[PDB]
Every structure is written in structure tokens, then in C-alpha cells.
There are 2 protein chains.
Amino acid sequence: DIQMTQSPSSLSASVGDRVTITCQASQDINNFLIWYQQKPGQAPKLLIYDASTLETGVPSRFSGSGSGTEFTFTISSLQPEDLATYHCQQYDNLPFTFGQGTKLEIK
Amino acid sequence: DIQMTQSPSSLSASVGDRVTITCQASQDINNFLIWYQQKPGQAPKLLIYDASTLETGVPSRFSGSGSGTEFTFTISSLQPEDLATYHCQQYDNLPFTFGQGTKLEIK
């Protein structure tokens, strides 16, 4: 059973800012990490899989990196529509498990 | 690429009711289906995986069945705390894809 740790739990930044958030897996999960986005009131949306593969049609200013236990999700230019909570999820082992999520706000 | 179809899009029922919702995969996905729960304002919660395996600590009145293309998620006794939106997700193929979700309300 794998525990996902996510940091920070929330942050505020300005439009145009580069923003980074992290995820740690309690064991080596290779690159089997997904990043989700959850906007206020909306269904979850898969943004990235295999740790770094941007899903088709997802905004190109989202990226992910890391392999093993430590991963990062990066927004190269914070935009108003990025107001959402972001969760990572390992799919190396069932049940798939989530990080605590990061609430991102645009000051 | 796999498309998930979910029905109904919403329903209202009474406490104690048996409630059923369905998910169809655009191709044979064996038993690789997860059911998620998303309560108003909360993070997504994995309820079931491998189509029918209840995750530890998840209420025992939730169950799932089906293998191949057609799946069902069942609540044997609707409870107030079940007020939420439920999504299925296939993990047979990346990227993992969601059904449209079912909004469940307690009349």
C-alpha cells in the first residue's frame, strides 16, 4: 500500500507566475503518476500521466517531472482559470492512492 | 483511446432505497474499472477498484459488478451522506478516462 504526500496544501500567486507543487510516494513508483485538476464545482480532469505526459488538449503551460519517489507539477504561467485543487495519484499499485491536494488561488 | 458512458446523469431517491448506476466502456476493459465518489466541496475518494473490490473502510452498502464493457455500481441503502457525484474510470489503457458522472441526491 502506497502513501502519497503533497506539498504545499495551498498557495496564492499572481497571473503569469511560475508555480510549482510537489508529490512524494512512500516507495519507488517509477513514472506511474497522474496529476488531476479539480476546479470549484467541476468534475476531476486528468492533466498528466506517466509523470510527464501531457494529455491531449490540456494547456501546454502545465508540465510534470520526476521518476521514482519525488515528483513535481509546474505551471509556467499562472492563469485565472487555474483556480483549482490539484491532486497527484500513483497507479503503480492498486488501490490507486491520492496526495492530499494543493489548493491554488490567483491573487 | 477508451470512452466511458455513464447513466443516469442524476437521480433523487429516499434514504433506505436501493440505488443503481451504470457505466459502459467503448471497448472490452475486463474488470479494470474504478468507481469514485465526490461529495460537495470534497476531494475525490476511491470507493471500488477491479470493478468489484470494495476499498478498505469504504461503507459496505456500496458494491460494484460487471466485467468487459458493462458495469454497475449499487448502494443497497441510500444514506444522507451519499449526497455526491459518482464517476467511473477505466484503467485498462492510458490515459485513464472518466464517465460523465452521476449526481445523486436524497429526497
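Residues numbered from 1 in each chain as written, not as in the entry; some residues may be left out. Chains lettered and ligands numbered in written order. Heavy atoms only, no water.

Its PDB header attributes the entry to X-ray crystallography and lists the resolution as 2.00 Å.

Caption draft 1: Representation of the overall build of chain A in the model. Tallying secondary structure elements over chain A gives 0 helices and 11 strands in all. Starting at the N terminus, the α and β elements of chain A follow one another as β-β-β-β-β-β-β-β-β-β-β. In terms of overall size, chain A behaves like a compact globule, its C-alpha atoms giving a radius of gyration of 13 Å where 107 residues would be expected to give roughly 13 Å. Based on the C-alpha atoms only, the size of chain A along its principal axes is roughly 35 × 25 × 25 Å. (Helix = DSSP H or I, 4+ residues; strand = E, 2+ residues; numbered from the N terminus. Rg over C-alpha atoms; globule rule 2.2 N^0.38 Å.)

Caption draft 2: Representation of the state of the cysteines. All names here are of chain A. Taken as a whole and judged by the stated rule, the model has 2 disulfides over all chains. Between the sulfur of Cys23 and that of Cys88 lies a disulfide, 2.0 Å long from S to S. Residues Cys23 and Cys88 share a disulfide whose torsion about the S-S bond is about 60 degrees; that sign makes it right-handed. With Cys23 in strand β3 (residues 19-25) and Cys88 in strand β9 (residues 84-90), this pair connects stretches of sequence that are 65 residues apart. Since its relative accessible area comes to 0%, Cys23 is described here as buried. (Disulfide = S-S within 2.5 Å. Buried < 20%, exposed > 50% of the residue type's maximum accessible area, 1.4 Å probe, protein only.)

Caption draft 3: Region of interest: the sheet that holds β3 of chain A. Residue and element names in this part refer to chain A. Read across the open sheet, the 4 strands follow the order β1-β3-β8-β7; overall the sheet is antiparallel. In this open sheet, the two strands that pair with only one neighbour each are β1 (4-7) and β7 (62-65). Pairwise comparison of adjacent strand axes, ignoring direction, gives a mean angle of 20 degrees for this sheet. In this sheet, strand β8 (residues 70-75) lies alongside β7 in antiparallel orientation, the contact comprising 4 bridges. Within the sheet, the bridge partner assigned to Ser65 lies in β8 and is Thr72. (Pairing = 2+ DSSP bridges. Axes fitted to C-alpha atoms, helices over the stretch in contact; angles between N-to-C directions.)

Caption draft 4: Layout of the packing of aromatic side chains. Residues and elements named next belong to chain A. As enumerated under the stated definition, the model contains 17 aromatic pairs over all chains in all. Both rings, one in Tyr91 and one in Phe96, keep their centres 6.3 Å apart while their planes meet at 65 degrees; by these two values the pair is edge-to-face. Residue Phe96 is classed as buried on the basis of its relative accessible area of 6%. (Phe/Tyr/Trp six-rings, centres within 6.5 Å; stacked < 30°, edge-to-face > 60°.)

Caption draft 5: Region of interest: the interface of chain B and chain A. Contacts between the two partners involve 17 residues from chain B, matched on the other side by 17 residues from chain A. At the boundary of chain B with chain A, total buried surface from both sides reaches about 1,400 Å², with 74% on carbon and sulfur atoms. On inspection of chain B and its partner chain A, the count reaches 0 salt bridges. Seen at the junction of chain B and chain A, the total is 4 residue pairs in polar contact. (Contact = heavy atoms within 4.5 Å. Buried area = accessible area lost by both parts, 1.4 Å probe. Salt bridge = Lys/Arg side-chain N within 4 Å of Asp/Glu carboxyl O. Polar contact = N/O pair within 3.5 Å; in protein donor to acceptor, adjacent residues only side chain to side chain.)

Caption draft 6: Looking closely at the relation of the copies chain B and chain A. Taken as rigid bodies, chain B and chain A are interconverted by a rotation of 180 degrees and an axial shift of 0.0 Å, the fit giving an RMSD of 0.0 Å. The superposition of one copy onto the other is thereby described by a two-fold rotation axis. (Least-squares fit on C-alpha atoms.)

Caption draft 7: Quick peek at the pattern of salt bridges. This structure, assessed with the given rule, holds 4 salt bridges over all chains. In this structure, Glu81 of chain A and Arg61 of chain A form a salt bridge, with 3.7 Å as the shortest nitrogen-oxygen distance. You can see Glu81 of chain A sitting in the loop between β8 and β9 and its partner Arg61 of chain A sitting in the loop between β6 (53-54) and β7, a full 20 residues away along the chain. Residue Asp82 of chain B pairs with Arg61 of chain B through a salt bridge whose shortest N-O separation is 2.5 Å. Of this pair, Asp82 of chain B sits in the loop between β8 (70-75) and β9 (84-90) while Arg61 of chain B is found in the loop between β6 (53-54) and β7 (62-65), placing the two residues 21 residues apart along the sequence.

Caption draft 8: Expanded view of the environment of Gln100 of chain A. Residue and element names in this part refer to chain A. In this structure, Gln100 sits in the loop between β10 (97-98) and β11 (102-106). If we ignore the near neighbours within four places in the chain, the residues touching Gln100 are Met4, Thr5, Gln6 and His87. A polar contact of 2.5 Å, which involves the side chain of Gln100, links it to the backbone oxygen of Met4. At 2.7 Å, the side chain of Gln100 forms a polar contact with the backbone nitrogen of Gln6.

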